[PDB]
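Containing compact mmCIF, N, CA, C and O atoms: target33.txt.
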# COMPACT_ATOMS: atom_id res chain seq x y z
N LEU H 746 -59.08 -14.10 -75.09
CA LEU H 746 -58.91 -14.13 -73.65
C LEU H 746 -58.17 -12.90 -73.14
O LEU H 746 -57.45 -12.22 -73.88
N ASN H 747 -58.37 -12.62 -71.85
CA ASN H 747 -57.61 -11.61 -71.14
C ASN H 747 -56.81 -12.29 -70.04
O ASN H 747 -57.33 -12.54 -68.95
N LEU H 748 -55.55 -12.60 -70.31
CA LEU H 748 -54.80 -13.40 -69.35
C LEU H 748 -53.63 -12.67 -68.71
O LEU H 748 -53.61 -12.52 -67.49
N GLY H 749 -52.67 -12.20 -69.49
CA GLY H 749 -51.60 -11.44 -68.88
C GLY H 749 -50.55 -12.28 -68.18
O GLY H 749 -50.69 -13.49 -67.97
N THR H 750 -49.47 -11.60 -67.80
CA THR H 750 -48.31 -12.20 -67.17
C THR H 750 -47.83 -11.23 -66.09
O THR H 750 -48.05 -10.02 -66.23
N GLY H 751 -47.22 -11.72 -65.01
CA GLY H 751 -46.90 -10.90 -63.86
C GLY H 751 -45.78 -9.91 -64.15
O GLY H 751 -45.21 -9.90 -65.25
N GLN H 752 -45.47 -9.08 -63.15
CA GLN H 752 -45.98 -9.14 -61.79
C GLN H 752 -47.16 -8.22 -61.56
O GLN H 752 -47.69 -7.63 -62.50
N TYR H 753 -47.57 -8.10 -60.31
CA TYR H 753 -48.57 -7.12 -59.90
C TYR H 753 -48.24 -6.64 -58.49
O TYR H 753 -48.15 -7.46 -57.57
N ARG H 754 -48.08 -5.34 -58.34
CA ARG H 754 -47.70 -4.74 -57.07
C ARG H 754 -48.90 -4.01 -56.49
O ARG H 754 -49.64 -3.36 -57.24
N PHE H 755 -49.09 -4.13 -55.19
CA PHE H 755 -50.28 -3.61 -54.52
C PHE H 755 -49.95 -3.35 -53.06
O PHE H 755 -49.32 -4.19 -52.41
N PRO H 756 -50.38 -2.21 -52.51
CA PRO H 756 -49.98 -1.82 -51.15
C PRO H 756 -50.61 -2.66 -50.05
O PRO H 756 -51.83 -2.71 -49.92
N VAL H 757 -49.78 -3.30 -49.23
CA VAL H 757 -50.23 -3.91 -47.98
C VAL H 757 -49.62 -3.10 -46.85
O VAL H 757 -48.53 -3.40 -46.37
N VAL H 758 -50.34 -2.07 -46.41
CA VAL H 758 -49.80 -1.06 -45.52
C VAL H 758 -50.18 -1.42 -44.09
O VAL H 758 -51.36 -1.62 -43.80
N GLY H 759 -49.19 -1.52 -43.23
CA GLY H 759 -49.46 -1.68 -41.82
C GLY H 759 -48.50 -2.66 -41.19
O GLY H 759 -47.49 -3.04 -41.77
N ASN H 760 -48.84 -3.07 -39.98
CA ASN H 760 -48.01 -4.01 -39.24
C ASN H 760 -48.15 -5.40 -39.84
O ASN H 760 -49.16 -5.74 -40.47
N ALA H 761 -47.12 -6.22 -39.65
CA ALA H 761 -47.12 -7.57 -40.20
C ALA H 761 -48.04 -8.50 -39.43
O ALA H 761 -48.66 -9.38 -40.02
N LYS H 762 -48.14 -8.32 -38.12
CA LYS H 762 -48.95 -9.18 -37.26
C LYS H 762 -50.44 -9.01 -37.49
O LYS H 762 -51.23 -9.83 -37.03
N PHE H 763 -50.86 -7.97 -38.21
CA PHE H 763 -52.27 -7.65 -38.34
C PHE H 763 -52.81 -7.72 -39.76
O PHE H 763 -54.02 -7.83 -39.93
N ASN H 764 -51.95 -7.65 -40.78
CA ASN H 764 -52.42 -7.70 -42.16
C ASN H 764 -52.55 -9.14 -42.62
O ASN H 764 -51.58 -9.90 -42.57
N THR H 765 -53.74 -9.51 -43.09
CA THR H 765 -54.03 -10.84 -43.60
C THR H 765 -54.44 -10.70 -45.06
O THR H 765 -55.61 -10.44 -45.35
N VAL H 766 -53.49 -10.86 -45.97
CA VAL H 766 -53.80 -10.80 -47.39
C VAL H 766 -54.44 -12.11 -47.82
O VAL H 766 -53.97 -13.19 -47.45
N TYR H 767 -55.53 -12.03 -48.59
CA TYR H 767 -56.12 -13.24 -49.11
C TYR H 767 -56.79 -12.99 -50.45
O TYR H 767 -57.13 -11.86 -50.79
N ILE H 768 -56.96 -14.06 -51.21
CA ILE H 768 -57.41 -13.99 -52.59
C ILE H 768 -58.69 -14.81 -52.70
O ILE H 768 -58.65 -16.03 -52.92
N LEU H 769 -59.83 -14.17 -52.54
CA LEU H 769 -61.07 -14.69 -53.09
C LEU H 769 -61.21 -14.19 -54.51
O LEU H 769 -60.76 -13.08 -54.82
N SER H 770 -61.80 -15.00 -55.39
CA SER H 770 -62.30 -14.29 -56.55
C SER H 770 -63.78 -14.51 -56.85
O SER H 770 -64.65 -13.75 -56.39
N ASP H 771 -64.02 -15.58 -57.61
CA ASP H 771 -65.21 -16.20 -58.18
C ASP H 771 -64.51 -16.96 -59.28
O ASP H 771 -63.29 -17.14 -59.16
N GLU H 772 -65.22 -17.60 -60.22
CA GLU H 772 -65.24 -17.12 -61.62
C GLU H 772 -65.53 -18.17 -62.65
O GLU H 772 -65.66 -19.36 -62.36
N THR H 773 -65.60 -17.72 -63.89
CA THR H 773 -65.46 -18.59 -65.03
C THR H 773 -64.07 -18.53 -65.65
O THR H 773 -63.92 -18.90 -66.81
N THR H 774 -63.04 -18.08 -64.92
CA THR H 774 -61.74 -17.76 -65.49
C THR H 774 -60.62 -18.32 -64.62
O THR H 774 -60.71 -18.24 -63.39
N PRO H 775 -59.53 -18.90 -65.21
CA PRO H 775 -58.43 -19.44 -64.38
C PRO H 775 -57.65 -18.43 -63.57
O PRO H 775 -57.93 -17.23 -63.62
N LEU H 776 -56.66 -18.90 -62.82
CA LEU H 776 -55.59 -18.02 -62.37
C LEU H 776 -54.34 -18.86 -62.17
O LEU H 776 -54.39 -20.09 -62.12
N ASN H 777 -53.21 -18.17 -62.10
CA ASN H 777 -51.94 -18.77 -61.74
C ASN H 777 -51.26 -17.83 -60.77
O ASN H 777 -51.32 -16.62 -60.95
N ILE H 778 -50.64 -18.37 -59.72
CA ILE H 778 -49.84 -17.58 -58.80
C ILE H 778 -48.49 -18.24 -58.68
O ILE H 778 -48.38 -19.35 -58.16
N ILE H 779 -47.44 -17.56 -59.12
CA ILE H 779 -46.13 -18.19 -59.12
C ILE H 779 -45.43 -17.94 -57.80
O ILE H 779 -45.11 -18.88 -57.06
N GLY H 780 -45.18 -16.67 -57.50
CA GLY H 780 -44.51 -16.31 -56.27
C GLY H 780 -45.21 -15.13 -55.64
O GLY H 780 -46.14 -14.56 -56.21
N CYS H 781 -44.76 -14.78 -54.44
CA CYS H 781 -45.25 -13.60 -53.75
C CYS H 781 -44.10 -12.98 -53.00
O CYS H 781 -43.37 -13.68 -52.29
N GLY H 782 -43.92 -11.67 -53.15
CA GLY H 782 -42.94 -10.94 -52.39
C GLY H 782 -43.62 -10.00 -51.41
O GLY H 782 -44.84 -9.95 -51.32
N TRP H 783 -42.78 -9.29 -50.67
CA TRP H 783 -43.21 -8.16 -49.86
C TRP H 783 -41.97 -7.35 -49.53
O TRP H 783 -40.87 -7.88 -49.49
N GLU H 784 -42.17 -6.05 -49.32
CA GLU H 784 -41.11 -5.23 -48.77
C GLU H 784 -41.64 -4.54 -47.53
O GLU H 784 -42.78 -4.77 -47.11
N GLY H 785 -40.80 -3.74 -46.90
CA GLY H 785 -41.23 -3.06 -45.71
C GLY H 785 -40.10 -2.70 -44.78
O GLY H 785 -39.06 -3.35 -44.77
N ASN H 786 -40.31 -1.64 -44.01
CA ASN H 786 -39.33 -1.19 -43.02
C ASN H 786 -39.28 -2.21 -41.90
O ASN H 786 -40.31 -2.63 -41.38
N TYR H 787 -38.07 -2.62 -41.53
CA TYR H 787 -37.88 -3.48 -40.37
C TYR H 787 -36.95 -2.78 -39.39
O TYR H 787 -35.89 -2.30 -39.78
N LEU H 788 -37.35 -2.75 -38.13
CA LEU H 788 -36.54 -2.08 -37.12
C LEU H 788 -36.72 -2.85 -35.82
O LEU H 788 -37.70 -2.64 -35.10
N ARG H 789 -35.78 -3.73 -35.52
CA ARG H 789 -35.71 -4.34 -34.20
C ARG H 789 -34.71 -3.54 -33.38
O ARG H 789 -33.57 -3.34 -33.79
N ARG H 790 -35.18 -3.02 -32.25
CA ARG H 790 -34.33 -2.15 -31.43
C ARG H 790 -33.27 -2.97 -30.71
O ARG H 790 -32.08 -2.66 -30.77
N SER H 791 -33.71 -4.02 -30.04
CA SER H 791 -32.85 -4.92 -29.28
C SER H 791 -32.08 -5.79 -30.26
O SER H 791 -32.61 -6.79 -30.76
N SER H 792 -30.84 -5.41 -30.55
CA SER H 792 -30.01 -6.15 -31.49
C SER H 792 -29.69 -7.52 -30.93
O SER H 792 -28.83 -7.65 -30.05
N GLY H 793 -30.36 -8.54 -31.45
CA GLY H 793 -30.41 -9.82 -30.79
C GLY H 793 -29.14 -10.64 -30.91
O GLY H 793 -28.17 -10.26 -31.55
N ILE H 794 -29.20 -11.80 -30.24
CA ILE H 794 -28.15 -12.82 -30.19
C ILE H 794 -26.83 -12.26 -29.69
O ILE H 794 -26.28 -12.73 -28.69
N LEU J 746 -67.20 -16.42 -24.26
CA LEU J 746 -65.87 -16.66 -23.71
C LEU J 746 -65.00 -15.42 -23.78
O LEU J 746 -65.22 -14.51 -24.58
N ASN J 747 -63.98 -15.39 -22.92
CA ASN J 747 -62.93 -14.40 -22.96
C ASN J 747 -61.61 -15.10 -23.25
O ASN J 747 -60.97 -15.62 -22.34
N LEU J 748 -61.21 -15.13 -24.52
CA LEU J 748 -60.05 -15.93 -24.86
C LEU J 748 -58.85 -15.12 -25.35
O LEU J 748 -57.79 -15.17 -24.73
N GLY J 749 -59.00 -14.36 -26.42
CA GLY J 749 -57.89 -13.53 -26.83
C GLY J 749 -56.79 -14.28 -27.58
O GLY J 749 -56.74 -15.50 -27.65
N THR J 750 -55.87 -13.48 -28.13
CA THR J 750 -54.76 -13.96 -28.94
C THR J 750 -53.55 -13.11 -28.57
O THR J 750 -53.71 -11.96 -28.17
N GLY J 751 -52.33 -13.66 -28.67
CA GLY J 751 -51.14 -13.00 -28.18
C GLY J 751 -50.76 -11.79 -29.02
O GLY J 751 -51.40 -11.50 -30.04
N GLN J 752 -49.70 -11.10 -28.60
CA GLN J 752 -48.81 -11.47 -27.51
C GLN J 752 -49.17 -10.83 -26.19
O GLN J 752 -50.22 -10.20 -26.06
N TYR J 753 -48.31 -10.99 -25.20
CA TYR J 753 -48.42 -10.30 -23.93
C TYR J 753 -47.03 -10.01 -23.40
O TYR J 753 -46.24 -10.93 -23.21
N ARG J 754 -46.74 -8.74 -23.14
CA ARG J 754 -45.43 -8.30 -22.70
C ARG J 754 -45.52 -7.90 -21.24
O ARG J 754 -46.51 -7.28 -20.82
N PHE J 755 -44.52 -8.27 -20.46
CA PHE J 755 -44.53 -8.09 -19.02
C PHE J 755 -43.10 -8.02 -18.51
O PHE J 755 -42.26 -8.83 -18.92
N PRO J 756 -42.79 -7.09 -17.61
CA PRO J 756 -41.40 -6.86 -17.18
C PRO J 756 -40.83 -7.98 -16.32
O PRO J 756 -41.36 -8.26 -15.24
N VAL J 757 -39.73 -8.58 -16.76
CA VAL J 757 -38.93 -9.46 -15.91
C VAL J 757 -37.61 -8.75 -15.67
O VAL J 757 -36.65 -8.93 -16.42
N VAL J 758 -37.55 -7.95 -14.61
CA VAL J 758 -36.46 -7.03 -14.38
C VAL J 758 -35.46 -7.68 -13.44
O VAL J 758 -35.83 -8.14 -12.36
N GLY J 759 -34.21 -7.75 -13.87
CA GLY J 759 -33.15 -8.19 -12.99
C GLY J 759 -32.17 -9.07 -13.72
O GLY J 759 -32.17 -9.15 -14.94
N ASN J 760 -31.33 -9.72 -12.94
CA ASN J 760 -30.32 -10.61 -13.49
C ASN J 760 -30.98 -11.89 -14.01
O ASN J 760 -32.05 -12.28 -13.55
N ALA J 761 -30.32 -12.53 -14.97
CA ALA J 761 -30.86 -13.75 -15.56
C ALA J 761 -30.72 -14.94 -14.64
O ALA J 761 -31.60 -15.81 -14.62
N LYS J 762 -29.64 -15.00 -13.86
CA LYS J 762 -29.37 -16.12 -12.97
C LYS J 762 -30.34 -16.18 -11.79
O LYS J 762 -30.39 -17.20 -11.10
N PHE J 763 -31.12 -15.13 -11.55
CA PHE J 763 -31.94 -15.05 -10.35
C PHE J 763 -33.43 -14.98 -10.62
O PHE J 763 -34.21 -15.28 -9.72
N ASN J 764 -33.86 -14.59 -11.82
CA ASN J 764 -35.28 -14.49 -12.12
C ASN J 764 -35.82 -15.84 -12.58
O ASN J 764 -35.31 -16.41 -13.55
N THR J 765 -36.85 -16.33 -11.90
CA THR J 765 -37.50 -17.59 -12.24
C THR J 765 -38.96 -17.28 -12.57
O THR J 765 -39.80 -17.19 -11.68
N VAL J 766 -39.25 -17.12 -13.86
CA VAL J 766 -40.62 -16.88 -14.28
C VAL J 766 -41.39 -18.19 -14.26
O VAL J 766 -40.88 -19.22 -14.74
N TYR J 767 -42.60 -18.18 -13.72
CA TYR J 767 -43.42 -19.38 -13.77
C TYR J 767 -44.89 -19.03 -13.80
O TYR J 767 -45.30 -17.94 -13.41
N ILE J 768 -45.68 -19.98 -14.28
CA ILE J 768 -47.09 -19.76 -14.58
C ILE J 768 -47.89 -20.76 -13.76
O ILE J 768 -48.12 -21.90 -14.19
N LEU J 769 -48.31 -20.37 -12.57
CA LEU J 769 -49.45 -21.00 -11.92
C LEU J 769 -50.71 -20.31 -12.38
O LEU J 769 -50.69 -19.10 -12.65
N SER J 770 -51.80 -21.05 -12.51
CA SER J 770 -53.02 -20.27 -12.50
C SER J 770 -54.06 -20.69 -11.46
O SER J 770 -54.07 -20.19 -10.33
N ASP J 771 -54.88 -21.64 -11.89
CA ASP J 771 -56.02 -22.36 -11.32
C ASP J 771 -56.63 -22.80 -12.63
O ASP J 771 -55.91 -22.77 -13.64
N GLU J 772 -57.83 -23.38 -12.66
CA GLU J 772 -59.01 -22.69 -13.20
C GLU J 772 -60.11 -23.60 -13.72
O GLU J 772 -59.98 -24.82 -13.76
N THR J 773 -61.17 -22.96 -14.17
CA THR J 773 -62.12 -23.59 -15.06
C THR J 773 -61.93 -23.18 -16.51
O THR J 773 -62.86 -23.32 -17.29
N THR J 774 -60.75 -22.68 -16.90
CA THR J 774 -60.55 -22.04 -18.20
C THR J 774 -59.25 -22.53 -18.84
O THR J 774 -58.25 -22.67 -18.14
N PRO J 775 -59.22 -22.80 -20.18
CA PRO J 775 -57.98 -23.27 -20.82
C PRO J 775 -56.83 -22.28 -20.83
O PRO J 775 -56.95 -21.16 -20.33
N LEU J 776 -55.70 -22.68 -21.41
CA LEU J 776 -54.72 -21.71 -21.87
C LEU J 776 -53.95 -22.33 -23.02
O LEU J 776 -53.99 -23.54 -23.25
N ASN J 777 -53.27 -21.48 -23.77
CA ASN J 777 -52.33 -21.89 -24.80
C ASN J 777 -51.10 -21.02 -24.66
O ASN J 777 -51.22 -19.82 -24.42
N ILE J 778 -49.92 -21.60 -24.80
CA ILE J 778 -48.68 -20.84 -24.82
C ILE J 778 -47.91 -21.26 -26.06
O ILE J 778 -47.47 -22.41 -26.15
N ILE J 779 -47.71 -20.34 -26.99
CA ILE J 779 -47.06 -20.72 -28.24
C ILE J 779 -45.56 -20.57 -28.11
O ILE J 779 -44.81 -21.54 -28.24
N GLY J 780 -45.11 -19.35 -27.87
CA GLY J 780 -43.69 -19.08 -27.74
C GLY J 780 -43.45 -18.17 -26.57
O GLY J 780 -44.39 -17.68 -25.93
N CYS J 781 -42.18 -17.94 -26.27
CA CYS J 781 -41.78 -17.01 -25.23
C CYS J 781 -40.52 -16.32 -25.68
O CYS J 781 -39.57 -16.98 -26.11
N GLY J 782 -40.49 -14.99 -25.59
CA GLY J 782 -39.29 -14.24 -25.86
C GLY J 782 -38.76 -13.61 -24.59
O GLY J 782 -39.31 -13.79 -23.51
N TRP J 783 -37.66 -12.89 -24.75
CA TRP J 783 -37.13 -12.01 -23.73
C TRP J 783 -36.17 -11.05 -24.41
O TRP J 783 -35.58 -11.38 -25.44
N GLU J 784 -36.02 -9.87 -23.83
CA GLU J 784 -34.96 -8.97 -24.25
C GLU J 784 -34.14 -8.61 -23.03
O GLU J 784 -34.38 -9.10 -21.93
N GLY J 785 -33.13 -7.79 -23.24
CA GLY J 785 -32.30 -7.40 -22.13
C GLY J 785 -30.90 -7.00 -22.52
O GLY J 785 -30.39 -7.45 -23.55
N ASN J 786 -30.29 -6.14 -21.72
CA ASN J 786 -28.93 -5.69 -21.95
C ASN J 786 -27.99 -6.85 -21.68
O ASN J 786 -28.10 -7.54 -20.67
N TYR J 787 -27.07 -7.10 -22.61
CA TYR J 787 -26.02 -8.09 -22.41
C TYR J 787 -24.68 -7.41 -22.53
O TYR J 787 -24.43 -6.69 -23.50
N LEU J 788 -23.80 -7.66 -21.57
CA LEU J 788 -22.48 -7.04 -21.59
C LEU J 788 -21.51 -8.03 -20.99
O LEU J 788 -21.39 -8.12 -19.76
N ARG J 789 -20.80 -8.76 -21.84
CA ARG J 789 -19.68 -9.56 -21.40
C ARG J 789 -18.41 -8.75 -21.64
O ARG J 789 -18.17 -8.28 -22.75
N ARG J 790 -17.66 -8.51 -20.56
CA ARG J 790 -16.48 -7.65 -20.66
C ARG J 790 -15.36 -8.37 -21.39
O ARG J 790 -14.78 -7.85 -22.34
N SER J 791 -15.07 -9.59 -20.94
CA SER J 791 -14.02 -10.43 -21.51
C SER J 791 -14.51 -10.98 -22.84
O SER J 791 -15.26 -11.95 -22.89
N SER J 792 -14.09 -10.33 -23.93
CA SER J 792 -14.51 -10.75 -25.27
C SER J 792 -13.93 -12.11 -25.59
O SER J 792 -12.74 -12.23 -25.91
N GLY J 793 -14.77 -13.13 -25.53
CA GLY J 793 -14.30 -14.49 -25.47
C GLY J 793 -13.79 -15.04 -26.78
O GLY J 793 -13.81 -14.39 -27.82
N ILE J 794 -13.30 -16.28 -26.68
CA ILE J 794 -12.78 -17.09 -27.78
C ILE J 794 -11.63 -16.40 -28.51
O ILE J 794 -10.53 -16.92 -28.59
This entry written out as structure tokens:
Amino acid sequence: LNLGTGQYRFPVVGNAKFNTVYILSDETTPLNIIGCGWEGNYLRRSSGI
Amino acid sequence: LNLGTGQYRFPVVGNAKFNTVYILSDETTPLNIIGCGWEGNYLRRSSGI
């Protein structure tokens, strides 16, 4: 088998309101997804509360 | 149809105690309102508590 263990990093570049990450595959093969992270620049100008 | 998805930003300029935002329309057409935000300068001189 070709199975492997995480993680896997991949660029999701752009605004948060517009990027829709999704996982289609197919297959004759399993998968497991444990967690999901993200990073990114955050800048709110109006310092709230 | 002409439906669309948010957001929509629009100036509510002035003091908070005096601005009354409200939504009349009419129509033969639906609407949905999910959330509402606002920003604005806040300056309380007397640093309370």
* To do: Tell me which protein, DNA and RNA residues are within 8 Å of residue 748 (chain J), counting all atoms listed in the file, leaving out same-chain ones fewer than 2 positions away, and put them as a list in words.
  => residues 746, 750, 751, 775, 776 and 777 of chain J
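Atom N of residue 778 (chain J) is found 15.0 Å from atom N of residue 755 (chain J).
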* Asked: Which residues come within 12 Å of residue 786 (chain H), counting only C-alpha atoms, excluding same-chain residues fewer than 5 positions away, as a PyMOL selection string?
  -> chain H and resi 758-761
* To do: Enumerate as JSON, numbers by chain the residues belonging to chain J that approach chain H to within 8 Å, with all atoms listed in the file taken into account.
  => {"J": [751, 783, 784, 785, 787]}
Could you superpose chain J on chain H by least squares over every Cα, matched in sequence order, and send it back as a compact mmCIF listing (two decimals) with N, CA, C and O atoms, in the frame of the given file?
# COMPACT_ATOMS: atom_id res chain seq x y z
N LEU J 746 -59.09 -14.10 -75.09
CA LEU J 746 -58.91 -14.13 -73.65
C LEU J 746 -58.18 -12.90 -73.14
O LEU J 746 -57.46 -12.22 -73.87
N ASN J 747 -58.36 -12.61 -71.85
CA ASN J 747 -57.61 -11.61 -71.14
C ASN J 747 -56.81 -12.29 -70.04
O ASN J 747 -57.34 -12.54 -68.96
N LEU J 748 -55.55 -12.60 -70.31
CA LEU J 748 -54.81 -13.40 -69.36
C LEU J 748 -53.63 -12.67 -68.71
O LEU J 748 -53.61 -12.52 -67.49
N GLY J 749 -52.68 -12.20 -69.49
CA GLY J 749 -51.61 -11.43 -68.88
C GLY J 749 -50.55 -12.29 -68.18
O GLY J 749 -50.68 -13.48 -67.97
N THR J 750 -49.47 -11.59 -67.80
CA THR J 750 -48.30 -12.20 -67.17
C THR J 750 -47.84 -11.22 -66.09
O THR J 750 -48.05 -10.02 -66.23
N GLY J 751 -47.22 -11.72 -65.01
CA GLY J 751 -46.90 -10.90 -63.86
C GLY J 751 -45.78 -9.91 -64.15
O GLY J 751 -45.21 -9.90 -65.25
N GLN J 752 -45.46 -9.08 -63.15
CA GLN J 752 -45.98 -9.14 -61.79
C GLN J 752 -47.16 -8.22 -61.56
O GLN J 752 -47.70 -7.63 -62.50
N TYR J 753 -47.57 -8.09 -60.31
CA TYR J 753 -48.57 -7.13 -59.89
C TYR J 753 -48.24 -6.65 -58.49
O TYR J 753 -48.16 -7.45 -57.57
N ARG J 754 -48.08 -5.34 -58.33
CA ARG J 754 -47.69 -4.74 -57.07
C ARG J 754 -48.89 -4.01 -56.49
O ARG J 754 -49.64 -3.36 -57.23
N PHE J 755 -49.09 -4.13 -55.19
CA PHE J 755 -50.27 -3.61 -54.52
C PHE J 755 -49.95 -3.35 -53.06
O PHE J 755 -49.32 -4.19 -52.41
N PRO J 756 -50.38 -2.22 -52.51
CA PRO J 756 -49.98 -1.82 -51.15
C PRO J 756 -50.60 -2.67 -50.05
O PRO J 756 -51.83 -2.71 -49.93
N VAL J 757 -49.77 -3.30 -49.23
CA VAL J 757 -50.23 -3.91 -47.98
C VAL J 757 -49.62 -3.10 -46.85
O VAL J 757 -48.53 -3.40 -46.37
N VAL J 758 -50.34 -2.07 -46.41
CA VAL J 758 -49.80 -1.06 -45.52
C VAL J 758 -50.19 -1.42 -44.09
O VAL J 758 -51.36 -1.62 -43.80
N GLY J 759 -49.19 -1.52 -43.23
CA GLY J 759 -49.46 -1.69 -41.81
C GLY J 759 -48.50 -2.66 -41.19
O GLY J 759 -47.50 -3.03 -41.78
N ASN J 760 -48.84 -3.06 -39.98
CA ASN J 760 -48.02 -4.01 -39.24
C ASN J 760 -48.15 -5.41 -39.85
O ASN J 760 -49.16 -5.73 -40.47
N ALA J 761 -47.12 -6.22 -39.65
CA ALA J 761 -47.12 -7.57 -40.20
C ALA J 761 -48.04 -8.50 -39.43
O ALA J 761 -48.66 -9.39 -40.02
N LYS J 762 -48.14 -8.32 -38.11
CA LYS J 762 -48.95 -9.18 -37.26
C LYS J 762 -50.45 -9.00 -37.49
O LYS J 762 -51.23 -9.83 -37.03
N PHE J 763 -50.86 -7.97 -38.22
CA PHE J 763 -52.28 -7.64 -38.34
C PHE J 763 -52.81 -7.72 -39.76
O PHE J 763 -54.02 -7.83 -39.93
N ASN J 764 -51.96 -7.65 -40.78
CA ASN J 764 -52.42 -7.70 -42.16
C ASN J 764 -52.56 -9.14 -42.62
O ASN J 764 -51.58 -9.90 -42.57
N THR J 765 -53.75 -9.51 -43.09
CA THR J 765 -54.02 -10.84 -43.60
C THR J 765 -54.44 -10.70 -45.06
O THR J 765 -55.61 -10.44 -45.36
N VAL J 766 -53.49 -10.86 -45.97
CA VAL J 766 -53.80 -10.80 -47.39
C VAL J 766 -54.45 -12.11 -47.82
O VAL J 766 -53.97 -13.19 -47.45
N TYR J 767 -55.52 -12.03 -48.59
CA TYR J 767 -56.12 -13.25 -49.12
C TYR J 767 -56.79 -12.99 -50.45
O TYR J 767 -57.13 -11.86 -50.79
N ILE J 768 -56.97 -14.07 -51.20
CA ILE J 768 -57.41 -14.00 -52.59
C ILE J 768 -58.68 -14.81 -52.70
O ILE J 768 -58.65 -16.03 -52.92
N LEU J 769 -59.83 -14.17 -52.54
CA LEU J 769 -61.07 -14.68 -53.09
C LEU J 769 -61.22 -14.19 -54.51
O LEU J 769 -60.76 -13.08 -54.83
N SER J 770 -61.80 -14.99 -55.38
CA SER J 770 -62.30 -14.30 -56.55
C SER J 770 -63.78 -14.51 -56.86
O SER J 770 -64.65 -13.75 -56.39
N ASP J 771 -64.02 -15.57 -57.61
CA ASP J 771 -65.21 -16.19 -58.19
C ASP J 771 -64.51 -16.96 -59.28
O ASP J 771 -63.29 -17.14 -59.16
N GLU J 772 -65.21 -17.59 -60.22
CA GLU J 772 -65.24 -17.11 -61.61
C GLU J 772 -65.54 -18.18 -62.66
O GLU J 772 -65.66 -19.36 -62.36
N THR J 773 -65.60 -17.72 -63.89
CA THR J 773 -65.45 -18.59 -65.03
C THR J 773 -64.07 -18.53 -65.65
O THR J 773 -63.92 -18.90 -66.81
N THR J 774 -63.04 -18.08 -64.92
CA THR J 774 -61.74 -17.76 -65.49
C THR J 774 -60.62 -18.32 -64.62
O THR J 774 -60.71 -18.24 -63.39
N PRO J 775 -59.53 -18.90 -65.20
CA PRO J 775 -58.44 -19.45 -64.38
C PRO J 775 -57.66 -18.43 -63.57
O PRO J 775 -57.94 -17.23 -63.61
N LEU J 776 -56.66 -18.90 -62.82
CA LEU J 776 -55.59 -18.02 -62.37
C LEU J 776 -54.34 -18.86 -62.17
O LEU J 776 -54.39 -20.09 -62.12
N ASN J 777 -53.21 -18.18 -62.10
CA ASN J 777 -51.94 -18.77 -61.74
C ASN J 777 -51.26 -17.83 -60.76
O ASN J 777 -51.31 -16.62 -60.95
N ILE J 778 -50.64 -18.37 -59.73
CA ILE J 778 -49.85 -17.57 -58.80
C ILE J 778 -48.49 -18.24 -58.68
O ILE J 778 -48.39 -19.35 -58.16
N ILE J 779 -47.44 -17.56 -59.12
CA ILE J 779 -46.12 -18.19 -59.12
C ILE J 779 -45.43 -17.94 -57.80
O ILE J 779 -45.11 -18.87 -57.06
N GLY J 780 -45.18 -16.68 -57.50
CA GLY J 780 -44.51 -16.31 -56.27
C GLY J 780 -45.20 -15.14 -55.64
O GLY J 780 -46.13 -14.56 -56.21
N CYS J 781 -44.76 -14.78 -54.44
CA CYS J 781 -45.25 -13.61 -53.74
C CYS J 781 -44.10 -12.98 -53.00
O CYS J 781 -43.37 -13.67 -52.29
N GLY J 782 -43.92 -11.67 -53.15
CA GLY J 782 -42.94 -10.94 -52.39
C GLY J 782 -43.62 -10.00 -51.41
O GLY J 782 -44.84 -9.95 -51.32
N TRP J 783 -42.79 -9.29 -50.67
CA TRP J 783 -43.21 -8.16 -49.86
C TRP J 783 -41.97 -7.34 -49.54
O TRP J 783 -40.86 -7.88 -49.48
N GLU J 784 -42.17 -6.05 -49.32
CA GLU J 784 -41.11 -5.23 -48.77
C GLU J 784 -41.64 -4.54 -47.53
O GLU J 784 -42.78 -4.77 -47.11
N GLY J 785 -40.80 -3.75 -46.90
CA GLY J 785 -41.23 -3.06 -45.71
C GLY J 785 -40.11 -2.70 -44.77
O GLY J 785 -39.06 -3.35 -44.77
N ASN J 786 -40.31 -1.64 -44.00
CA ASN J 786 -39.33 -1.19 -43.03
C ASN J 786 -39.28 -2.20 -41.90
O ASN J 786 -40.31 -2.63 -41.38
N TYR J 787 -38.07 -2.62 -41.53
CA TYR J 787 -37.87 -3.48 -40.37
C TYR J 787 -36.96 -2.78 -39.39
O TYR J 787 -35.89 -2.30 -39.78
N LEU J 788 -37.35 -2.75 -38.13
CA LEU J 788 -36.54 -2.08 -37.11
C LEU J 788 -36.72 -2.85 -35.83
O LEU J 788 -37.71 -2.64 -35.10
N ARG J 789 -35.78 -3.73 -35.51
CA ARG J 789 -35.71 -4.34 -34.21
C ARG J 789 -34.71 -3.55 -33.38
O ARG J 789 -33.57 -3.34 -33.79
N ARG J 790 -35.18 -3.02 -32.24
CA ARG J 790 -34.33 -2.15 -31.43
C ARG J 790 -33.27 -2.96 -30.71
O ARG J 790 -32.08 -2.66 -30.77
N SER J 791 -33.72 -4.02 -30.04
CA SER J 791 -32.85 -4.92 -29.28
C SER J 791 -32.09 -5.80 -30.26
O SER J 791 -32.61 -6.79 -30.77
N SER J 792 -30.84 -5.41 -30.55
CA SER J 792 -30.01 -6.15 -31.49
C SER J 792 -29.69 -7.52 -30.93
O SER J 792 -28.83 -7.65 -30.05
N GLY J 793 -30.35 -8.54 -31.45
CA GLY J 793 -30.41 -9.82 -30.79
C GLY J 793 -29.14 -10.64 -30.91
O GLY J 793 -28.17 -10.26 -31.54
N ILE J 794 -29.20 -11.79 -30.23
CA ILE J 794 -28.15 -12.81 -30.20
C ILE J 794 -26.82 -12.26 -29.69
O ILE J 794 -26.28 -12.73 -28.70
* **Between atom N of residue 754 (chain J) and atom C of residue 767 (chain J), distance in Å (one decimal)** => 14.0 Å
* Asked: atom O of residue 774 (chain J) to atom O of residue 747 (chain J): how many Å, to one decimal?
  ->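 These atoms are spaced 8.6 Å apart.
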Give the centre and edge lengths of an axis-aligned box, in Å to one decimal, that holds all listed atoms of region 767-774 of chain J with 4 Å on each side, as lines of an AutoDock Vina configuration file.
center_x = -52.7
center_y = -21.4
center_z = -14.6
size_x = 28.3
size_y = 14.9
size_z = 16.5
